Amino acid sequence: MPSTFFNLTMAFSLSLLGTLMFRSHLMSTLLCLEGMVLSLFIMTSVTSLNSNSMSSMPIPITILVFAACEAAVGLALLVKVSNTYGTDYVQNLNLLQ
Amino acid sequence: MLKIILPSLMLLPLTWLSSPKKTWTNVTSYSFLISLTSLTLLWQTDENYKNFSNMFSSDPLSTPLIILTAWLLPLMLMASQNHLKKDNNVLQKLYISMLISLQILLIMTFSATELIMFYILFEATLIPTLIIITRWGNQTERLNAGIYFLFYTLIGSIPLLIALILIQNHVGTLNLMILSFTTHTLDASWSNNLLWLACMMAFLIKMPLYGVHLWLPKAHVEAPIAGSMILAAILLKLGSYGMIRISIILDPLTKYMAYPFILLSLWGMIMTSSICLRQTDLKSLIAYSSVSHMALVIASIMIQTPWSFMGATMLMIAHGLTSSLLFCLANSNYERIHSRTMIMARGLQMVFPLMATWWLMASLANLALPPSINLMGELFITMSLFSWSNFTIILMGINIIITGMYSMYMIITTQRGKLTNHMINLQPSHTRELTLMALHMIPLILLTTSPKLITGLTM
Amino acid sequence: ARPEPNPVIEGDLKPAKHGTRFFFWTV
Amino acid sequence: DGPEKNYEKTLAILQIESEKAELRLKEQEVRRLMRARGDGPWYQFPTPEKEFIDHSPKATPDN
Amino acid sequence: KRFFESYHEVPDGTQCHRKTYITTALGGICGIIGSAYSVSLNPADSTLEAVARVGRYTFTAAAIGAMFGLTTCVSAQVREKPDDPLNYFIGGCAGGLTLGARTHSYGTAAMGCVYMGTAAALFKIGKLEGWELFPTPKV
Amino acid sequence: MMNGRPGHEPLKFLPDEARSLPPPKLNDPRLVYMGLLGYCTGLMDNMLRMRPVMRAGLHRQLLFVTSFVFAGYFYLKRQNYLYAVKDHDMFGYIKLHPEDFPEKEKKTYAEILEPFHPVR
Amino acid sequence: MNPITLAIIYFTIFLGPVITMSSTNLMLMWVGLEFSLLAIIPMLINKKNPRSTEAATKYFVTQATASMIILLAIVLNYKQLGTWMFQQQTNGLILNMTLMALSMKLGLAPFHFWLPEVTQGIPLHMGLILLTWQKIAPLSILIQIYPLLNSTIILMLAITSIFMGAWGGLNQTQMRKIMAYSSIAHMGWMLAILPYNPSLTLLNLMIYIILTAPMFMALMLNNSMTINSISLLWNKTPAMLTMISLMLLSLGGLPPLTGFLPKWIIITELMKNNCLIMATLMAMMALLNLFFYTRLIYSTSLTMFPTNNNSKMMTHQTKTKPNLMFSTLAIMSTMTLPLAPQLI
Amino acid sequence: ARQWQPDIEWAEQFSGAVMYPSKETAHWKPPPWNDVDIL
Amino acid sequence: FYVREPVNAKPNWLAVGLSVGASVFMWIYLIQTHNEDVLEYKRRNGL
Amino acid sequence: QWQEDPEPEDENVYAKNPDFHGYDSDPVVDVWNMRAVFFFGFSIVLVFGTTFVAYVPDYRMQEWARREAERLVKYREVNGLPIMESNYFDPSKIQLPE
Amino acid sequence: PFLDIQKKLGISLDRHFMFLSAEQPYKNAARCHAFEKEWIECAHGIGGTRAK
Amino acid sequence: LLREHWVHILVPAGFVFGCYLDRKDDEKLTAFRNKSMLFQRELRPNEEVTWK
Ligand SMILES: CCCCCCCCCCCCCCCCCC(=O)OC[C@H](COP(=O)(O)OCCN)OC(=O)CCCCCCCCCCCCCCCCC
């Protein structure tokens, strides 16, 4: 974990760099967004497991349950966009200028 | 001092509740009496000033003004009964109330012990004034004038807000009484040299200094007559009252931190006086006359010699009354002429015999004719300025010669010469117009009999 | 040793001194 | 009513304002002290509550 | 960071080289950051065009940094006064002028001179009077 | 700030300790202000809804002048307490930590020598 | 909306901030933030206009990544202290993350780009909720953790917001976006005093809520999203012209009105803490905010813009009234200043 | 006297999606009143 | 009168009675609170 | 061009109401708005006010000081004391920095 | 916290499980339970500024 | 007589209230009632207040 918690953390930052620099398809962000939730879920589960802190295992899952719906909302917005613009491409999302 | 104030507030209920036809007389008649209650503060009979209560006080410097602030509300409401008599009966009751709030606020500001009470009330007076100038302003440019009047005062105001909160932390209370009887001696650092500028600059802005006075010519030009009277008579003097009470602290720095302003004002006095010499708009000329005669005041509230201060107190009350008188008669010509141009309307004495006598006395008050408080004032500021440096007479000597020239030119090209051939025929003078004037000058004659009352704190 | 609990302000309330001492509010 | 009333009224106004001023400054000093000292009722930031520490006999023997 | 701070440690007017170097860097750093925001938003048309803009902003900023540093340091030595805020104003005065030139505008030089110099002067005063910026809560 | 104080009532409005303080006089200028503040709310409402300004909703006018005022007494009653706690707290500390707030002797002006800058 | 759905959503949009505030286990504070994100998105697209889908998709991505960053801070803390909550010991970077993240959800400073755009594509109503009942949640989390956050960053985000908000507002003519910009600015003052006196943040918020809620219900009474649209207020409903005037000048800091108190006491507290550098610059550009407020004043009240004949038709018909809240929140806001001491 | 009430032209400026129009910003056009677009 | 009979033609008599009656409950609780309050204050302190 | 009104002329209020006093168009309001303004304006402010202001007694003590001087000058001269000694706060009271 | 509706209502839905020394299921003590106790019974009554 | 003269009584009434409120300011600021140095005298016979 000393260096196994640095890989996961950098994974979250590499996923951070991803969600923040868009490029064409919006799905790739959402998908990326999810890459973080996995990294957070893995790190939370890892430390809870090596702290033998069983009282906290509820959290690793609450994180996923809320993240799943969060993503559900995200995809419905995505479907709504390629119903109004025929694509998920972000450039289209420039009306509010 | 809640009779000069509470009865005032009640004016607002009267302007609203009263009949549309009788609204004007109830308000004007009652505030004349409100002025009579104001006269009670003049009963000093002892050195100890009058601390009515914790928040409200009146000392020799404020008392001469509170009475003027109460006095002009009647007059303001009498000078604006003509224009503003074409309104919908709810625009009037708004204008009347706006004028009422100005003196309620101004009476309190001049009668306030806590310096930040001054600030809150000080900067509030802009709300009523900006509405009077922008909402009823005749010209297309009042939106602009309003902006200039709000920003120049506001940008100056926030530095004072920081400074006064700063001294409260440094000393522990912004109570003018204590601040006076406590040891607040700035230490001539670079920072203090900034504090001093922070406190004085907001006051120096509404007291037009040569550098920042462009707001006043623009504001009075398009402002309605009542707003122009308020700005010249009470609003500009708010800056002077502030400089007198704020320099009790910041005692050491002004000895050497004043030179910049003093020179700005005395050279400013000459140039502002001179441009009056060729300005086509009469309201424009009176406004620059106001800048120059107020540039003398910032040059006496900075030399800080006993005589300066009461020279200042004499001139401020006197010039206040005179300027309004000039702005009020300018309006009477403007309403019949329908143009502010000085060149048109030549020869009026031929057609308005008396208004011309009022014009003549107003001009003689404008220039320094001697049995007038106006001259006593300048004579005193002149003396101290001479004491500061004998050379000052040269610059305060070019202003006197120029002041004579523009004051008489206003009389010579407006009230003499051949009559204008046929402008819209000029209807005779109303008795209101003439009284509004008489009400300005009869007090100028009475005050000149006993100058002691308006002499300031120093003497 | 455990640390010492902060001391306890003691007494009964008395109307505040001179009132809210905010800028110019006689209160 | 007289010179007596204003002189005595002004002294009462000064005492209230002097006493208010001394207290306002002392507040600022007390508030500087308790923030850094943390030895006074103000600025007593929270830490977990021992009312949840489980002092029960646990399964392992070193708890 | 021990670096930038050095600027302050040695008395003003002395060791101008280090002063100018440090001041130039800060300006340049700001240049990069400024160009970055300028490229991220209001993007360019071609990568090269944007690389140029980064360069332009970086150099201009580096220049204002240098002249500020150089003028203030030199104004000090010449004037034989190391703590006269005016020094900095002359420096800020100059800095603004460089900005004005790089923008090819006399007017900008005007506002630039006054505004920029005033700001720098205030920095000197700030240091002289021990003004505290972004202070910790001490209530 | 004042939270975290010993005995703090975690969600209470005004702890009974505030009984010890004097009750706000119903005519306290402030409560009277709240009253006027209220009447105006009422009048304003009538205006925005285009009703005779003063002669309408004379029942509402009362609800307003009487809701605002009711609120006041019970608010001021508290704010008054909060301020009163502040002194209890402040004064106490000045003593419990006396050395830090030491009484000072102020030399009679006779002794002190503030410099005199002449105006001339 | 099937009224049942309306209830579930509205309950969530309301359970969302409330769980955040009530709980201490940060995790439970995070899901409170998460529920607010999920509940607001349906309402945002109610018209389902092409602009709307854009609004929600931005709001959601900005909100979601910030939510993930806040969770990362909680996850990291869990390993630096077993506790699920920030403590004195917390690594400084851990707290700074929470500031940036929470300053994105609240939309302060260099993350102020999403708010103006989502405020532009959502209805006036949902605009209010998006501006004021969604700021309570994140601010709660910050106010709780104030003792630990950095004075430097907050100040920078504070000052930046003030500037961005002001400058942005000057150019804007769409009302929804003028308000979005004001909110950025006021939000800035609030976060400036958080490290020093959180209790004042809660005043500079309430007053903002008691000022903005009347202002928006005013904009929608005539549903005008344009200044030109609000300028013809004099014909559509003349009475609100008086209070709209004072509330907007109150939103800016002018002294007689209630709006001065938040700025005045924040400046007093910052000078008490010695930030007389920072406080001064903030107050100065705060004055820029009033310029655009008064420019609107000009168009709506002090000057009467020309209207359309078809307006006479809308006058004829009885105007659906403004709720009572407008009045009670207009007066308590425009003039409570005489009662400041008890407010603070 | 007719205190000058604003004419159409004074009103015009306040239209447009940005008050102080920029070089490229002016190219923009005001948002649709209905909040719904034609695309 | 009105083509479309004003909805406000005849008072909502409930709105009067909960507006009037509510206010009279406010006072009777408020005035009660004060005298009750005064007492406790007086006795809580010596008098 | 948009619809707007044709310039309103300003009436010669002196054509009807040839006794116009300048306050209001209908005659009775005018008469009663000058009969109350000259009265409350001049008749009981410039007159009763000046009466009261004239009778304020010894304003700012300058009527008291021209006697106190006279008895001090009477007392100082006859007892041989300097009329205005040159230090006011006695030197003995002062504790000059030693 | 910001609004303590929990202490007031007496409910403890969010406090029972905030630290490693809280009740662990089946009383399987956590790790570092020997210390967190010692580090929170110490900082109890002493505010943070002096728990640091 | 309240028929348009109840309007005329508004301001006159404000004066009365004003003076009252004002004379209830003196009553408050009555410390140093007669304890001032320049004006301290023994209450002359039948006088319980030097200044009221
Ligand atoms: C602290 C003092 C601050 C300054 C106080 C004085 C200024 C108050 C703020 C005024 C701001 C708005 C100015 C411009 C308003 C323009 C209104 C207008 O053009 O008129 C139309 C408007 C609506 O007409 P409507 O009432 O529907 O007509 C009824 C017909 N039967 O007509 C109306 O709206 C009429 C009702 C307006 C509301 C009444 C305002 C009366 C004046 C308030 C004075 C308050 C004095 C406070 C003094 C405090 C002292 C400490």
# chains A, B, ... in the order shown; residues from 1 in each chain; ligands from 1

call {"tool": "interface_residues", "arguments": {"of": "chain J", "to": "chain F", "cutoff": "7 Å", "atoms": "only C-alpha atoms", "output": "number ranges by chain"}}
result
J: 93-96

call {"tool": "residues_near_ligand", "arguments": {"ligand": "ligand 1", "cutoff": "6 Å", "atoms": "only C-alpha atoms and all ligand atoms", "output": "PDB file with N, CA, C and O atoms, in the first residue's frame"}}
result
ATOM      1  N   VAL B  90     -48.281  61.492  -8.318  1.00  0.00           N
ATOM      2  CA  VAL B  90     -47.603  60.482  -7.537  1.00  0.00           C
ATOM      3  C   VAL B  90     -46.166  60.613  -7.888  1.00  0.00           C
ATOM      4  O   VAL B  90     -45.321  59.932  -7.331  1.00  0.00           O
ATOM      5  N   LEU B  91     -45.877  61.470  -8.848  1.00  0.00           N
ATOM      6  CA  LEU B  91     -44.503  61.718  -9.169  1.00  0.00           C
ATOM      7  C   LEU B  91     -44.150  62.901  -8.337  1.00  0.00           C
ATOM      8  O   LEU B  91     -43.030  63.030  -7.869  1.00  0.00           O
ATOM      9  N   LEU B  94     -43.516  61.924  -4.818  1.00  0.00           N
ATOM     10  CA  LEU B  94     -42.200  61.258  -4.697  1.00  0.00           C
ATOM     11  C   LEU B  94     -41.127  62.342  -4.620  1.00  0.00           C
ATOM     12  O   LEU B  94     -40.266  62.253  -3.734  1.00  0.00           O
ATOM     13  N   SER B  97     -41.119  64.055  -1.263  1.00  0.00           N
ATOM     14  CA  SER B  97     -40.544  63.155  -0.234  1.00  0.00           C
ATOM     15  C   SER B  97     -39.026  63.061  -0.408  1.00  0.00           C
ATOM     16  O   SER B  97     -38.316  63.077   0.606  1.00  0.00           O
ATOM     17  N   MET B  98     -38.566  62.988  -1.654  1.00  0.00           N
ATOM     18  CA  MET B  98     -37.112  62.864  -1.927  1.00  0.00           C
ATOM     19  C   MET B  98     -36.471  64.096  -1.288  1.00  0.00           C
ATOM     20  O   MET B  98     -35.485  63.934  -0.551  1.00  0.00           O
ATOM     21  N   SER B 101     -36.396  63.770   2.520  1.00  0.00           N
ATOM     22  CA  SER B 101     -35.369  62.830   3.036  1.00  0.00           C
ATOM     23  C   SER B 101     -33.939  63.401   3.017  1.00  0.00           C
ATOM     24  O   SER B 101     -33.156  63.141   3.945  1.00  0.00           O
ATOM     25  N   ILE B 104     -33.496  65.383   6.118  1.00  0.00           N
ATOM     26  CA  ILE B 104     -33.643  64.435   7.263  1.00  0.00           C
ATOM     27  C   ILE B 104     -32.224  63.871   7.294  1.00  0.00           C
ATOM     28  O   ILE B 104     -31.554  64.028   8.327  1.00  0.00           O
ATOM     29  N   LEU B 105     -31.776  63.276   6.191  1.00  0.00           N
ATOM     30  CA  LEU B 105     -30.435  62.640   6.176  1.00  0.00           C
ATOM     31  C   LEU B 105     -29.373  63.710   6.435  1.00  0.00           C
ATOM     32  O   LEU B 105     -28.520  63.481   7.304  1.00  0.00           O
ATOM     33  N   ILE B 127     -28.281  58.705  -2.796  1.00  0.00           N
ATOM     34  CA  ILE B 127     -29.476  57.993  -3.335  1.00  0.00           C
ATOM     35  C   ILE B 127     -30.522  59.069  -3.645  1.00  0.00           C
ATOM     36  O   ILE B 127     -30.914  59.177  -4.819  1.00  0.00           O
ATOM     37  N   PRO B 128     -30.980  59.883  -2.670  1.00  0.00           N
ATOM     38  CA  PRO B 128     -32.011  60.863  -2.949  1.00  0.00           C
ATOM     39  C   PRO B 128     -31.545  61.800  -4.067  1.00  0.00           C
ATOM     40  O   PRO B 128     -32.324  62.076  -4.954  1.00  0.00           O
ATOM     41  N   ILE B 131     -31.551  60.236  -7.674  1.00  0.00           N
ATOM     42  CA  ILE B 131     -32.951  60.123  -8.172  1.00  0.00           C
ATOM     43  C   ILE B 131     -33.417  61.500  -8.645  1.00  0.00           C
ATOM     44  O   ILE B 131     -33.951  61.584  -9.762  1.00  0.00           O
TER      45      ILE B 131
ATOM     46  N   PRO G 238     -46.250  48.803 -12.527  1.00  0.00           N
ATOM     47  CA  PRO G 238     -45.473  49.957 -12.070  1.00  0.00           C
ATOM     48  C   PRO G 238     -44.930  49.900 -10.637  1.00  0.00           C
ATOM     49  O   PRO G 238     -43.879  50.448 -10.415  1.00  0.00           O
ATOM     50  N   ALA G 239     -45.654  49.283  -9.704  1.00  0.00           N
ATOM     51  CA  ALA G 239     -45.235  49.324  -8.279  1.00  0.00           C
ATOM     52  C   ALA G 239     -43.877  48.666  -8.037  1.00  0.00           C
ATOM     53  O   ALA G 239     -43.084  49.229  -7.261  1.00  0.00           O
ATOM     54  N   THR G 242     -40.292  50.628  -7.903  1.00  0.00           N
ATOM     55  CA  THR G 242     -39.661  51.208  -6.688  1.00  0.00           C
ATOM     56  C   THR G 242     -38.738  50.240  -5.934  1.00  0.00           C
ATOM     57  O   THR G 242     -37.549  50.564  -5.765  1.00  0.00           O
ATOM     58  N   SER G 245     -35.727  48.825  -7.753  1.00  0.00           N
ATOM     59  CA  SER G 245     -34.633  49.822  -7.679  1.00  0.00           C
ATOM     60  C   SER G 245     -33.771  49.659  -6.423  1.00  0.00           C
ATOM     61  O   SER G 245     -32.554  49.466  -6.549  1.00  0.00           O
ATOM     62  N   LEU G 246     -34.421  49.668  -5.258  1.00  0.00           N
ATOM     63  CA  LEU G 246     -33.672  49.516  -3.987  1.00  0.00           C
ATOM     64  C   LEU G 246     -32.996  48.160  -3.757  1.00  0.00           C
ATOM     65  O   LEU G 246     -31.882  48.137  -3.218  1.00  0.00           O
ATOM     66  N   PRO G 256     -27.288  53.226   3.028  1.00  0.00           N
ATOM     67  CA  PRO G 256     -28.522  53.205   3.811  1.00  0.00           C
ATOM     68  C   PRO G 256     -29.177  51.815   3.825  1.00  0.00           C
ATOM     69  O   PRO G 256     -29.701  51.449   4.854  1.00  0.00           O
ATOM     70  N   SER G 301     -35.983  51.894 -14.129  1.00  0.00           N
ATOM     71  CA  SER G 301     -36.712  52.923 -13.351  1.00  0.00           C
ATOM     72  C   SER G 301     -36.408  54.372 -13.734  1.00  0.00           C
ATOM     73  O   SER G 301     -37.330  55.077 -14.184  1.00  0.00           O
ATOM     74  N   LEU G 302     -35.206  54.844 -13.392  1.00  0.00           N
ATOM     75  CA  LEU G 302     -34.863  56.276 -13.608  1.00  0.00           C
ATOM     76  C   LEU G 302     -35.140  56.789 -15.019  1.00  0.00           C
ATOM     77  O   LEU G 302     -35.341  58.010 -15.170  1.00  0.00           O
TER      78      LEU G 302
END

call {"tool": "closest_atom_pairs", "arguments": {"of": "stretch 4-40 of chain K", "to": "stretch 53-70 of chain A", "cutoff": "8 Å", "atoms": "only C-alpha atoms", "output": "tab-separated table"}}
result
residue	atom	partner	partner_atom	distance
K:17	CA	A:55	CA	6.6
K:20	CA	A:53	CA	6.1
K:22	CA	A:55	CA	7.7
K:23	CA	A:55	CA	7.3
K:24	CA	A:55	CA	5.2
K:25	CA	A:55	CA	6.4
K:30	CA	A:53	CA	5.4
K:31	CA	A:53	CA	7.4

call {"tool": "residues_around", "arguments": {"residues": "stretch 239-250 of chain B", "least_positions_apart": "5", "cutoff": "6 Å", "atoms": "only C-alpha atoms", "output": "ChimeraX atom specification"}}
result
/B:184,186,203,206-207

call {"tool": "residues_around", "arguments": {"residues": "residue I:29", "least_positions_apart": "3", "cutoff": "12 Å", "atoms": "only C-alpha atoms", "output": "number ranges by chain"}}
result
F: 66-67, 70-71, 73-74; I: 22-26, 32-37

call {"tool": "closest_atom_pairs", "arguments": {"of": "chain C", "to": "chain K", "cutoff": "8 Å", "atoms": "only C-alpha atoms", "output": "tab-separated table"}}
result
residue	atom	partner	partner_atom	distance
C:2	CA	K:42	CA	5.3
C:3	CA	K:42	CA	6.1
C:4	CA	K:46	CA	7.2
C:5	CA	K:45	CA	5.1
C:6	CA	K:46	CA	6.0

call {"tool": "closest_atom_pairs", "arguments": {"of": "chain L", "to": "chain C", "cutoff": "12 Å", "atoms": "only C-alpha atoms", "output": "Markdown table"}}
result
| residue | atom | partner | partner_atom | distance |
| --- | --- | --- | --- | --- |
| L:25 | CA | C:26 | CA | 10.8 |
| L:28 | CA | C:26 | CA | 11.0 |
| L:29 | CA | C:26 | CA | 11.3 |

call {"tool": "write_last_selection", "arguments": {"atoms": "N, CA, C and O atoms", "output": "PDB file, in the first residue's frame"}}
result
ATOM      1  N   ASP L  25     -34.165  61.092  27.111  1.00  0.00           N
ATOM      2  CA  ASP L  25     -32.773  60.775  26.835  1.00  0.00           C
ATOM      3  C   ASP L  25     -32.049  61.329  28.024  1.00  0.00           C
ATOM      4  O   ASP L  25     -31.090  60.743  28.504  1.00  0.00           O
ATOM      5  N   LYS L  28     -32.033  59.063  30.967  1.00  0.00           N
ATOM      6  CA  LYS L  28     -31.067  57.986  30.888  1.00  0.00           C
ATOM      7  C   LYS L  28     -29.683  58.465  31.197  1.00  0.00           C
ATOM      8  O   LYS L  28     -28.990  57.880  32.014  1.00  0.00           O
ATOM      9  N   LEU L  29     -29.260  59.528  30.538  1.00  0.00           N
ATOM     10  CA  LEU L  29     -27.927  60.051  30.737  1.00  0.00           C
ATOM     11  C   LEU L  29     -27.941  60.966  31.926  1.00  0.00           C
ATOM     12  O   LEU L  29     -27.715  62.165  31.785  1.00  0.00           O
TER      13      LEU L  29
END

call {"tool": "closest_residue", "arguments": {"among": "G:155, G:213, G:232, G:194", "to": "chain E", "atoms": "only C-alpha atoms"}}
result
G:155

call {"tool": "residues_around", "arguments": {"residues": "stretch 33-37 of chain J", "least_positions_apart": "4", "cutoff": "9 Å", "atoms": "only C-alpha atoms", "output": "PDB file with N, CA and C atoms, in the first residue's frame"}}
result
ATOM      1  N   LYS B  22     -53.789  69.884  -2.039  1.00  0.00           N
ATOM      2  CA  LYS B  22     -53.255  70.589  -0.837  1.00  0.00           C
ATOM      3  C   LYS B  22     -51.890  70.024  -0.441  1.00  0.00           C
ATOM      4  N   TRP B  24     -48.860  70.410  -1.634  1.00  0.00           N
ATOM      5  CA  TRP B  24     -47.778  71.427  -1.624  1.00  0.00           C
ATOM      6  C   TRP B  24     -47.770  72.365  -0.418  1.00  0.00           C
ATOM      7  N   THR B  25     -48.933  72.917  -0.066  1.00  0.00           N
ATOM      8  CA  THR B  25     -48.956  73.881   1.068  1.00  0.00           C
ATOM      9  C   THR B  25     -48.737  73.260   2.460  1.00  0.00           C
ATOM     10  N   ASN B  26     -49.211  72.024   2.606  1.00  0.00           N
ATOM     11  CA  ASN B  26     -49.065  71.366   3.927  1.00  0.00           C
ATOM     12  C   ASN B  26     -47.554  71.213   4.051  1.00  0.00           C
ATOM     13  N   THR B  28     -44.872  72.662   2.512  1.00  0.00           N
ATOM     14  CA  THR B  28     -44.009  73.868   2.597  1.00  0.00           C
ATOM     15  C   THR B  28     -44.279  74.618   3.901  1.00  0.00           C
ATOM     16  N   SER B  29     -45.550  74.728   4.287  1.00  0.00           N
ATOM     17  CA  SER B  29     -45.876  75.538   5.485  1.00  0.00           C
ATOM     18  C   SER B  29     -45.242  74.867   6.699  1.00  0.00           C
ATOM     19  N   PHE B  32     -41.365  75.176   7.131  1.00  0.00           N
ATOM     20  CA  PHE B  32     -40.979  76.557   7.514  1.00  0.00           C
ATOM     21  C   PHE B  32     -40.926  76.523   9.043  1.00  0.00           C
ATOM     22  N   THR B 431     -45.116  85.497  -8.027  1.00  0.00           N
ATOM     23  CA  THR B 431     -44.720  85.914  -6.694  1.00  0.00           C
ATOM     24  C   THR B 431     -43.921  84.828  -6.015  1.00  0.00           C
ATOM     25  N   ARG B 432     -44.048  83.601  -6.477  1.00  0.00           N
ATOM     26  CA  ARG B 432     -43.276  82.521  -5.904  1.00  0.00           C
ATOM     27  C   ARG B 432     -41.848  82.664  -6.299  1.00  0.00           C
TER      28      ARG B 432
ATOM     29  N   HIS J  21     -50.434  83.539  -8.771  1.00  0.00           N
ATOM     30  CA  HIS J  21     -49.318  83.806  -7.832  1.00  0.00           C
ATOM     31  C   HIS J  21     -48.184  82.815  -8.081  1.00  0.00           C
ATOM     32  N   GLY J  22     -48.336  81.907  -9.038  1.00  0.00           N
ATOM     33  CA  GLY J  22     -47.231  80.996  -9.397  1.00  0.00           C
ATOM     34  C   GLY J  22     -47.249  79.650  -8.703  1.00  0.00           C
ATOM     35  N   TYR J  23     -48.209  79.398  -7.819  1.00  0.00           N
ATOM     36  CA  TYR J  23     -48.165  78.124  -7.061  1.00  0.00           C
ATOM     37  C   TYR J  23     -48.991  77.030  -7.738  1.00  0.00           C
ATOM     38  N   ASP J  24     -50.235  77.319  -8.118  1.00  0.00           N
ATOM     39  CA  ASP J  24     -51.088  76.257  -8.706  1.00  0.00           C
ATOM     40  C   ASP J  24     -52.046  76.906  -9.690  1.00  0.00           C
ATOM     41  N   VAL J  28     -58.082  79.446  -6.062  1.00  0.00           N
ATOM     42  CA  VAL J  28     -58.186  79.421  -4.573  1.00  0.00           C
ATOM     43  C   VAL J  28     -56.955  78.704  -4.001  1.00  0.00           C
ATOM     44  N   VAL J  29     -56.495  77.632  -4.641  1.00  0.00           N
ATOM     45  CA  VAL J  29     -55.337  76.889  -4.071  1.00  0.00           C
ATOM     46  C   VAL J  29     -54.174  77.877  -4.093  1.00  0.00           C
ATOM     47  N   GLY J  41     -43.513  81.754   5.947  1.00  0.00           N
ATOM     48  CA  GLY J  41     -42.186  82.038   5.444  1.00  0.00           C
ATOM     49  C   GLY J  41     -41.583  83.281   6.042  1.00  0.00           C
ATOM     50  N   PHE J  42     -42.214  84.424   5.790  1.00  0.00           N
ATOM     51  CA  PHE J  42     -41.708  85.690   6.297  1.00  0.00           C
ATOM     52  C   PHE J  42     -42.244  85.996   7.689  1.00  0.00           C
ATOM     53  N   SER J  43     -43.558  85.890   7.880  1.00  0.00           N
ATOM     54  CA  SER J  43     -44.192  86.581   8.993  1.00  0.00           C
ATOM     55  C   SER J  43     -43.842  85.977  10.347  1.00  0.00           C
TER      56      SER J  43
END

call {"tool": "residues_around", "arguments": {"residues": "residue I:41", "least_positions_apart": "5", "cutoff": "9 Å", "atoms": "only C-alpha atoms", "output": "ChimeraX atom specification"}}
result
/F:19-23 /I:36,46-47

call {"tool": "atom_distance", "arguments": {"atom1": "atom CA of residue F:76", "atom2": "atom CA of residue G:343"}}
result
9.5 Å

call {"tool": "interface_residues", "arguments": {"of": "chain F", "to": "chain G", "cutoff": "10 Å", "atoms": "only C-alpha atoms", "output": "VMD selection string"}}
result
chain F and resid 1 to 3 30 to 31 33 to 34 37 to 38 40 to 50 64 68 75 to 76 78 to 80 82 to 83

call {"tool": "decode", "arguments": {"residues": "stretch 10-14 of chain H", "atoms": "N, CA, C and O atoms", "output": "CSV table (one decimal), in the first residue's frame"}}
result
chain,number,residue,atom,x,y,z
H,10,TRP,N,-31.5,54.9,-28.1
H,10,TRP,CA,-30.9,54.6,-26.7
H,10,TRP,C,-31.2,53.2,-26.3
H,10,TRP,O,-30.3,52.5,-25.8
H,11,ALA,N,-32.4,52.8,-26.6
H,11,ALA,CA,-32.8,51.4,-26.2
H,11,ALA,C,-31.9,50.4,-27.0
H,11,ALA,O,-31.6,49.4,-26.4
H,12,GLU,N,-31.7,50.6,-28.3
H,12,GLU,CA,-31.0,49.6,-29.1
H,12,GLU,C,-29.8,49.0,-28.5
H,12,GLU,O,-29.6,47.8,-28.5
H,13,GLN,N,-28.9,49.8,-27.9
H,13,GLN,CA,-27.7,49.3,-27.4
H,13,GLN,C,-27.8,48.2,-26.4
H,13,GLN,O,-27.0,47.2,-26.5
H,14,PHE,N,-28.8,48.2,-25.6
H,14,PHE,CA,-29.0,47.2,-24.6
H,14,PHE,C,-29.4,45.9,-25.2
H,14,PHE,O,-29.5,44.9,-24.4
